[PDB]
Amino acid sequence: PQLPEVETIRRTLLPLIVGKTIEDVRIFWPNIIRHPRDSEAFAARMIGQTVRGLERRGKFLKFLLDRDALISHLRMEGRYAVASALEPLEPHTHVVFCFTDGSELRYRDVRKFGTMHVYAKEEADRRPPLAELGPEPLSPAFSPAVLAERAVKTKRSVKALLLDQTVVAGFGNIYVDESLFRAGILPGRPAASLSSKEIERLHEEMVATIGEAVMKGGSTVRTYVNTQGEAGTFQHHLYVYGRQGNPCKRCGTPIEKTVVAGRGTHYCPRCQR
DNA sequence: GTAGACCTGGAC
DNA sequence: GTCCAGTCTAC
Ligand SMILES: [Zn+2]
C-alpha cells in the first residue's frame with residue numbers, strides 16, 4: 001500500500017474503531033512489533049486505552065489512543081479488518097486488538113513484512129519511523145522547489161529519488177512509474193539531469209496522480225481493498241504499471257519493463273525521454 | 001548504487 | 001520448479 005491505499009484504509013477504518021477501548025492485544029508473530037521490542041510490553045501498555053483518532057503520515061497509519069500513538073506500516077500486504085471476537089480468525093492474522101465491546105481489530109499480513117511501533121503521542125513524530133519522513137505530497141510543504149533541492153544534489157535515478165520517503169512521503173512503485181510516465185520522463189534518468197521545466201512537470205503530475213488515486217480509493221492490482229473489502233478503482237487508470245507488452249494508451253508503443261533501483265519498472269519508450 | 005534479507009502464495 | 005510482488009542492511 002502507498003499513500004492512496006493507506007488513506008483509503010484510514011478513512012474507512014476510523015469510524016469502525018473510534019471510541020472503542022482496548023481490553024487485550026494478542027500477538028502471533030512477535031517480529032512485527034518493533035517498539036517496544038518486547039511484545040509483552042507493547043500489548044500491556046495499550047490495554048485500557050481508547051482509540052481517539054486515526055491519522056496518516058506517508059504510508060503509515062497513526063492510531064491515536066489516550067497516552068500513546070500506534071504507528072503501523074503495512075509494507076507489501078498488510079491489512080486491517082474489524083470483526084467479532086466470537087468468530088474464528090482468518091489465516092495470516094498476526095496481531096489482534098480486542099475491544100471491550102466484543103469486537104476486534106485484526107491485522108493480517110501474509111508476508112509478515114509489516115511493522116508496529118508504540119510511543120507516547122508527543123514522541124511519535126521525533127522517533128523512527130516517522131522522524132525522517134519527507135513532506136506530504138498533497139500539502140504546500142511539497143513543492144517543485146523541494147523536489148529540485150534533492151534532485152540537483154544526487155546522481156541516482158529519478159525513480160530512486162521519488163521512492164525515497166525522506167524526499168517526499170507516500171509514493172511507491174505504482175505511483176512513481178505512473179507519475180514519471182505522465183511527466184514524460186524516463187525512470188532511469190539521473191535525477192540531476194532533470195531541467196527546471198521537467199521538475200515542475202514531475203511535481204505537477206505527482207500531485208495530480210496521487211490525488212486522483214485517493215479519489216478512486218487506491219489501486220487494486222493484487223489484493224488491496226479498503227476496510228470493507230472493497231477494491232479501489234485507480235488500477236483502471238494506469239498508463240504503465242503492470243502493462244508491459246500492452247500498447248501505450250497515448251501512442252500505442254508497447255510498454256516495457258526493466259529493473260531500475262532494484263524494482264520492476266514500467267515505462268513507454270516513446271512518451272518518456 | 002546494488003544483490004541479498006524477510007516471507008508467502010499466485011502465475012508461468 | 002522458477003519468477004514476482006517495501007524498508008532495513010551489507011559486499
Ligand atoms: Zn507512449
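Values reported hereafter were calculated over all heavy atoms of this structure, with side chains retained and with hydrogens, waters and symmetry mates removed. Just so we're on the same page: letters track the sequence lines, and every chain starts at 1.
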message: Between A/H94 and A/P30, is there a side-chain heavy-atom distance shorter than 4.5 Å?
response: no
task: Start with the C-alpha gap between A/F42 and A/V25, add the side-chain angles, then the distance that decides, and say whether side-chain contact (heavy atoms from CB on, under 4.5 Å) holds.
output: CA-CA 8 Å; A/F42 173 95; A/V25 179; 4.1 Å; yes
query: What interatomic distance, in whole Å, is found between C1' of C/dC8 and the corresponding atom of B/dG9?
result: 23 Å
message: Can you give me the dot-bracket string for DNA chain B, 5' to 3', counting Watson-Crick and G-U wobble pairs with both distances under 3.5 Å, using [ ] for crossing pairs and | for partners on another strand?
response: .|..||.|||||
message: Between A/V207 and A/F142, is there a side-chain heavy-atom distance shorter than 4.5 Å?
response: yes
N or O in side chain of A/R263 less than 4.0 angstrom from C/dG6 OP1/OP2: yes
- prompt: Nearest-Å distance, OH (A/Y241) to P (C/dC4)?
  reply: 12 Å
query: Quick check, are the ring centers of A/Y239 and A/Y267 under 6.0 angstrom apart?
result: no
query: For A/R75 and B/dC6, what is the distance between atoms CZ and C1' respectively, to the nearest whole Å?
result: 9 Å
field: Spacing of the P atoms in B/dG10 and C/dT7 (rounded, Å)
entry: 24 Å
query: When the distance from NE2 of A/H92 to P of C/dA5 is rounded to whole Å, what number comes out?
result: 20 Å
task: For A/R111 and B/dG9, give me the distance from atom CZ to atom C1', rounded to whole Å.
output: 9 Å
task: Using the six-membered ring for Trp and the full ring for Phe, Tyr or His, decide whether A/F113 stacks on the six-membered base ring of C/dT7 (centres under 5.5 Å, planes under 30°).
output: no
Tabulate below the donor-acceptor pairs under 3.5 Å that side-chain atoms of residues 111-120 of chain A make, not counting sequence neighbours, or state none.
from: A/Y119; atom 1: OH; to: A/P128; atom 2: O; distance (Å): 2.7

query: A/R34 has an atom CZ; how far is it from atom P of C/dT9, in whole Å?
result: 9 Å
message: At 4.0 Å (heavy atoms only), tell me whether A/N173 reaches a base, stays on the sugar-phosphate, or touches nothing.
response: sugar-phosphate
- line: Residue pairs meeting salt bridge (charged side-chain N to carboxylate O under 4.0 Å, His left out), one or both in residues 134-148 of chain A, sequence neighbours left out, come to A/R56-A/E136, A/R57-A/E136
- request: For A/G172, report the nucleic acid contact type (base, sugar-phosphate, nothing); a contact means any heavy atom under 4.0 Å.
  value: sugar-phosphate
query: Can you tell me how far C1' of C/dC8 sits from CD1 of A/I32, to the nearest Å?
result: 16 Å
Contact under 4.0 Å: A/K257 side-chain N or O vs C/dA5 OP1/OP2: yes
A/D177 and A/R263 ion-paired at < 4.0 Å: no
query: Looking only at atom P, what distance separates B/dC6 and C/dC11, rounded to whole Å?
result: 14 Å
task: Mind calculating the distance between CG (A/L3) and P (C/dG6) to the nearest angstrom?
output: 12 Å
field: Gap between atoms CG and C1', on A/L163 and B/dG1 respectively (whole Å)
entry: 13 Å
